[PDB]
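Chain order of the listed sequences is G, A and F.
Per the entry's author numbering, residue 7 is the first one in the first sequence, and the count goes up by one each step.
Per the entry's author numbering, residue 7 is the first one in the second sequence, and the count goes up by one each step.
Per the entry's author numbering, residue 6 is the first one in the third sequence, and the count goes up by one each step.
Note that CB positions come from ideal geometry on N, CA and C, so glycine has one too.
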Amino acid sequence: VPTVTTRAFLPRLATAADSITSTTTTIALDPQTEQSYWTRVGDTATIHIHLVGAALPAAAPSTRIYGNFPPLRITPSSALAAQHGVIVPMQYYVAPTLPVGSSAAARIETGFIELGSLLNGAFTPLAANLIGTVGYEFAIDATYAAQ
Amino acid sequence: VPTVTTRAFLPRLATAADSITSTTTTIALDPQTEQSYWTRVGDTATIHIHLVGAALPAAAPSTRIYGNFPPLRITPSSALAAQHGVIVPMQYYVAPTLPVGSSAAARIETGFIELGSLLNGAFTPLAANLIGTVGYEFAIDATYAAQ
Amino acid sequence: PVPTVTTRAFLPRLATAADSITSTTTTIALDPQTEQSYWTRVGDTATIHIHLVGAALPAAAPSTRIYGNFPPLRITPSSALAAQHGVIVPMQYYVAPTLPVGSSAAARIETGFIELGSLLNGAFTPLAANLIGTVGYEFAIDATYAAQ
Ligand SMILES: [Cl-]
């Protein structure tokens, strides 16, 4: 018999040297303006993330969101590459710099959510100094199955 | 304990002078061919909207859908701009005219759903005379958390 | 009534066809798979995860489809003179396909099957089976929709 659980949470923005390592640097957050939350009913998780900041993080190849949202159900893939995840679009209120022809996207993994871009079905991580213009403001909305 | 509610509903197509105003014009609908519906289980809402019409509405800057679907859960934003919402793709069976490089999209807000286009994560409202060719036919499919 | 939750692994069946309407299909022999495909349904809300990998592209055909026991999409059946109306979603490629210029990778979810294709100005176009990869293929489809 299903339960429903709905919680506000505080996403943690963090950067890393690549899309594989568990070593990260936490980015200090300005005061936020829009509540981030998640809900889970049965094994179905829906997340809403919004973050705003006045200054872009220092340059790093991987830009991630951590938090207590339900962990994605997916078979763990090879440790030699980024873990397989679910690719979703995302929204920018302040313009990022994306590769030509690509759309704004995020890779939802069991361990974290990575910001990036999408072209011909392929996800490419977005560097932390390119996720906005001077500062940043973006949102991620998605539904996926939890473990 | 969660409940499940699944209902057919009659979407209302309406246009407005901008993406903020509460002044709207309801568009008279042709007989519809496909059932529009929503379902809510716990706080998770899934909507299916389909509308067909033989003649495009009179040109207006904002094209909106109203109905009794579960209201989006999101922090209300400034009244000086369109309310923050969830951006989703949408489907056209009759071709629209979109900005170059953009994808067909919809902005789901607590108050209504707005048709538009999506480029580099940014949503732009689509004018009512551009949502088709002579006539129109489109669908919007999404899942989001409700209040 | 009170909602139930059902979560199940499943074995997607890859099939090709001569168009996007016909019930005539050719089942494609699958390699050993590396990632579990599954679906879950709570109330009338279905979420699917499909992953398929193969060393060799299927023989060329205009429609590339996935069949399985996932919850059937709730949608009014449309004219038999065209592909059934469905829900269009994005999809992911681990091995590069050949898509129409300017289009994004997409899938069309129908009550009867899921079809691979591309998306441009809101319009879905089916993708031929000899173009769903390079030499071989590897892709994933993730979606949530209402079931009947
Ligand atoms: Cl089968």
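Short Cβ contact (8 Å threshold) for residue i with residue j
| i | j | result |
| --- | --- | --- |
| F/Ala20 | F/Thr31 | yes |
| A/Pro17 | A/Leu62 | no |
| A/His90 | A/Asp147 | no |
| F/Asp24 | F/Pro76 | no |
| A/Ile80 | A/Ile119 | no |
| F/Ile93 | F/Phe129 | yes |
| G/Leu78 | G/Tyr150 | yes |
| G/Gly73 | G/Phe15 | yes |
| G/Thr12 | G/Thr45 | yes |
| G/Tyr43 | G/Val100 | no |
| A/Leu136 | A/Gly107 | no |
| A/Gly122 | A/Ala134 | no |
| residue 154 of chain G | F/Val140 | The structure shown does not extend to residue 154 of chain G, since chain G is modelled only from 7 to 153, so the question has no answer here. |
| F/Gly138 | A/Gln97 | no |
| F/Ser83 | A/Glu115 | no |
| G/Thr29 | G/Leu132 | no |
| A/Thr103 | F/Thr50 | no |
As assigned by DSSP and simplified to three states, the class of residue i
| i | result |
| --- | --- |
| A/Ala88 | coil |
| F/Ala111 | strand |
| G/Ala23 | coil |
| F/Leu16 | coil |
| F/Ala134 | helix |
| G/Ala101 | coil |
| A/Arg79 | coil |
| A/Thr139 | strand |
| A/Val7 | coil |
| G/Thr149 | strand |
| A/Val106 | coil |
| F/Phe118 | coil |
Pocket of ligand 1 defined by Cβ to heavy atom distance under 5 Å: With 5 Å as the limit between CB and the heavy atoms of ligand 1, the residues that fall short of it are F/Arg18 and F/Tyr72.
Jot down the residue ranges of each uninterrupted beta strand (DSSP E) in the segment 21–68 of chain G, minimum 3 residues, whole runs only, in chain order. Fully contained in the segment 21–68 of chain G are the following beta strand (DSSP E) runs of length 3 or more, in chain order: 42–47 and 50–59.
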